[PDB]
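This report concerns only the one structure given below.
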Amino acid sequence: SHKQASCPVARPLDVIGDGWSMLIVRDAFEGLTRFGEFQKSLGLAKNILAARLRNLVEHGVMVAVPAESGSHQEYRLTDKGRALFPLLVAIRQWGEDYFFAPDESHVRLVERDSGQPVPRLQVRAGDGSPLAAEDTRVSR
Amino acid sequence: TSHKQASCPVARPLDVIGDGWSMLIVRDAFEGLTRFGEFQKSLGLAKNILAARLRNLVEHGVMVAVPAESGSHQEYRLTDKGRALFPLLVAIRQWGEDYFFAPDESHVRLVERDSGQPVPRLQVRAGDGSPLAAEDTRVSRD
Ligand SMILES: OC[C@H]1O[C@H](O)[C@H](O)[C@@H](O)[C@@H]1O
């Protein structure tokens, strides 16, 4: 669809530009691996979960294989899929920052050893200082 | 808008950006496009449909559509909420750069205006500033 856009922002939208793919990815980062685990987490219709998972596998974000004991089938993040972590954190932080009323609460992403919330993910310059959007440009 | 009442902070934003085009309209906004005709020539998206996605970014508070201060046309401008997408945008661009191009393929680069020089890869970091792997985090009901 955008697969032959020259744009690095557009190509990935073919894979993650939908209402569910990043939530399957969120769940995989939380340790879910089985089709039925995803279905019950997402509440998503089986055939529709099937299509989103199929697409993630076709795009090399996940690999579906048999479990070690051969007792069932699992889906795991590839290196390409694990690389979605910064994007996932950015989506989470933007949701935290803009999508909840003052009286609502939500889960937090925390350091395993700390329990301390993971800090805001910032764009930084080569010197390590905070870099604002207006101090960048896109070059051909 | 089917994640509107989800408890999850990842899910609620997908109502807004979980599609093939929203983040490209936002891409263009960061590049200084503000007029309907500019987005249309940039995106090659059918006009009526571009119009719908724009009106929907406005409804979700990512942009506003205001009369141009001199003249007879409307301008689309990022709000604070919309400008706050820049990290997310960089993250998408870099994942696209890392995994979506043949080694033979060229593409545009995000660079520092002063020096630039490609903007450094994003990095999830711990409180102490050190790189933090997904496996070193967890999701907590605090
Ligand atoms: O990342 C967790 C926290 O970070 C920021 O302060 C958000 O705006 C806040 O609401 C959220 O709970």
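Going through the structure tokens in order, the chains are called A, B, and so on, while each chain numbers its residues from 1 and the ligands are numbered from 1 in the order shown.
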Counting only C-alpha atoms, what is within 8 Å of residue 10 in chain B, bar same-chain residues fewer than 2 positions away, as a PyMOL selection string? (chain A and resi 22-23+26+88+91-93+95) or (chain B and resi 8+12-14)
Run DSSP on the backbone and tell me which residues of range 24-122 of chain B come out as helix (DSSP H, G or I); list them as a PyMOL selection string. chain B and resi 24-30+36-43+47-59+80-83+86-99
Mind listing the residues within 8 Å of ligand 1, only C-alpha atoms and all ligand atoms counted, as JSON, numbers by chain? {"A": [92, 93, 94, 96, 97, 98, 100, 105, 106, 108, 109, 117, 118, 119, 120]}
Just the number, please: distance in Å from CA of residue 125 in chain A to CA of residue 30 in chain B, one decimal. 17.4 Å
Within 9 Å of range 109-121 of chain B, counting only C-alpha atoms, which residues show up once you throw out same-chain ones fewer than 3 positions away? Write them as a list in words, please. residues 8, 123, 124, 125, 126, 128, 131, 134, 135, 136, 137, 138, 139 and 140 of chain A; 90, 91, 93, 94 and 97 of chain B
Test item: residues at most 12 Å from range 40-48 of chain A, only C-alpha atoms, excluding those fewer than 3 positions along its chain, as a ChimeraX atom specification: /A:18-28,30-37,51-55 /B:2-3,6-8,11
Within chain B, find each residue whose DSSP state, derived from the backbone, is strand (DSSP E or B), and express the selection as a VMD selection string. chain B and resid 63 to 67 74 to 78 109 to 112 118 125 131 137 to 140
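Each of B:82, B:67, B:9, B:20 was checked against residue 49 in chain B using only C-alpha atoms; the smallest atom-to-atom distance is that of B:20.
In this model, the gap between CA of residue 63 in chain B and CA of residue 88 in chain B comes to 16.0 Å.
Considering the residues A:4, A:9, A:71, A:56 and counting only C-alpha atoms, chain B has its shortest atom-to-atom contact with A:9.
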So how far away is CA of residue 13 in chain A from CA of residue 85 in chain A, in Å? 15.7 Å
